[PDB]
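*Asks:* Next one to model:
(chains A and B)
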Amino acid sequence: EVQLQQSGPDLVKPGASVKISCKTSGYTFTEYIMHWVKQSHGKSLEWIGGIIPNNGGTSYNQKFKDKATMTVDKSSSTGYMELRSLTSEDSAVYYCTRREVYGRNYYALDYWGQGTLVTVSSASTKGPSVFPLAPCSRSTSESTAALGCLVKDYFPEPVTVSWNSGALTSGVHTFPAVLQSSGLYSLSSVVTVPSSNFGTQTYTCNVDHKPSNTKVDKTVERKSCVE
Amino acid sequence: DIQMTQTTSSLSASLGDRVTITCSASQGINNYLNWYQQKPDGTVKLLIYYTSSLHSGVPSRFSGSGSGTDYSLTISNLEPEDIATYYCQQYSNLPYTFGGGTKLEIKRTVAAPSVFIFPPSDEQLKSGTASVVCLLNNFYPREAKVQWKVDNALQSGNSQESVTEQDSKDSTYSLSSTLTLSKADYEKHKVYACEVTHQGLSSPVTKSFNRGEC
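*Replies:* Numbering: from 1, shown residues only, chains lettered A, B, ... in the order given. Shown next is the protein structure:
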């Protein structure tokens, strides 16, 4: 019940600034120090800095001295980090964290936010198109049936996909997005089912692209041929 | 800055094996060393603080030890949900620095992929592109070759693939390969095939459709 709820994904232009927020709950905001951490895609964690919410005292990693500003709003129990002079190298997930103190001088980041994906790009937001993935035919002697949704030509990351509004989770694979040469992302979400259980439900993928405020529900028709 | 190294970036172990992830600092850090777990969805949790103390909710199969420059995170009997990247972090001095991370996979029995092929939708085709998708479902190990053939001609340069993280239950991978062609190029050919090579298969497996009969 310690929760750090970070603002949603953000697309911002090079040379600009972005302010991300971290709304805390389940503990007394002014009684704990908050630290921020960067993670570039496929890379390690980097420490940006820490802030004392009670007086707004700050400590920065010198690598971010010209990049990051931490602030707090005590009245909303919210920490902020502002990143300035943005470049593609600032494209990353940013985490807010709580720093616990144990005995005299033992510190650890005991609770993490879910992270905020910042994409620094000159390109415009583009909502995905969603196409069905439905095979031409099913074998009598294939023991699982498959179908899915192709989520094509969106920008930036991320999209979320659920099946039957979260009710269908078992046998679902949502692949990592691929960057196409167009500079747009594409991803597939698939479901498999034991061939005997296939006919017991319909299958609707629910696609959410927050950066474009796009929500698509696409029913994938089960209809297929016997070989 | 203190440099933190995880000599082993990638570790594979069987369920119930004892696994040890190593961390070394560029100078003595006097036990001021924490461990984090990052799950494949990107969620981060504290595991161990001050070398050896367990965080709230951490199971007792997790332990940590070390001194000076060298530390160990041990998982005493590996479960499938321990699939994650493990990061060490020093606070001996500022700035805080993390190791490069150790990804842990489960070694399990060879499992053949289930292969499916999905033709492009008329909904997509009418706007001038055809995506053909080949799914390899629930296989182990991760190494897998997908070749696209169009009327028996081998394709190159016109496919992209992606692979899931190891599944936290059955310890398998899945892979998606997409062939992208103009509508015009798609309509020039009949037979679309993906050929799959994997250790779990007796020989290469081909899944195909003919645009005619679909």
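*Asks:* Would you map out the domains in chain A?
*Replies:* A:3-120, A:129-222 (automatic domain parsing).
*Asks:* Include distance to residue B:187 when you put these into JSON lines, please.
*Replies:* In this view, the C-beta of every residue, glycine as well, is placed from N, C-alpha and C. Formatted as JSON lines, these follow (distance: least, CB to CB, whole Å):
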{"stretch": "domain A:3-120", "distance to residue B:187": "36"}
{"stretch": "domain A:129-222", "distance to residue B:187": "16"}
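*Asks:* Redo those as JSON lines? Include mean neighbour count and distance to residue B:25.
*Replies:* Below are those laid out as JSON lines (neighbours: other CB atoms under 10 Å in any protein chain shown; distance: least, CB to CB, whole Å):
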{"stretch": "domain A:3-120", "mean neighbour count": "17", "distance to residue B:25": "15"}
{"stretch": "domain A:129-222", "mean neighbour count": "18", "distance to residue B:25": "32"}
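*Asks:* In TSV: those domains, plus distance to chain B.
*Replies:* Formatted as TSV, those follow (distance: least, CB to the nearest CB, whole Å):
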stretch	distance to chain B
domain A:3-120	4
domain A:129-222	4
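*Asks:* Can you report phi and psi for the spatially closest residue to residue B:146 that is not a sequence neighbour?
*Replies:* Distance criterion CB to CB, 6 or more residues apart in numbering or on different chains; nearest residue to residue B:146, sequence neighbours excluded, is residue B:177 at 4.3 Å. Main-chain dihedrals, residue B:177, degrees, to the nearest 10: phi -120, psi 130.
*Asks:* What's the separation between residue B:177 and residue B:81?
*Replies:* Distance of residue B:177 to residue B:81, given as CB to CB, to the nearest Å: 28 Å.
*Asks:* the more surrounded of those two?
*Replies:* Between residue B:177 and residue B:81, counted using other CB atoms under 10 Å in any protein chain shown, residue B:177 has the larger neighbour count: 22 against 11.
*Asks:* and the more buried one, bridged to which residues?
*Replies:* Applying DSSP bridges to residue B:177 yields these beta-bridge partners: residue B:134, residue B:161.
*Asks:* Would you map out the domains in chain B?
*Replies:* The record's domain parsing of chain B by CATH domains of a matching chain lists B:1-108, B:109-211.
*Asks:* Pretty sure residue B:136 sits against residue B:145.
*Replies:* No - between residue B:136 and residue B:145 there is no contact under CB atoms under 8 Å: 10.0 Å.
*Asks:* Could you find the closest non-adjacent residue to the spatially most central residue of chain B?
*Replies:* Nearest residue to the geometric centre of chain B (CA atoms, centre = their mean): residue B:165, 3.3 Å. Closest residue in space to residue B:165, ignoring its immediate chain neighbours: residue B:40 at 3.5 Å, by CB to CB, 6+ apart.
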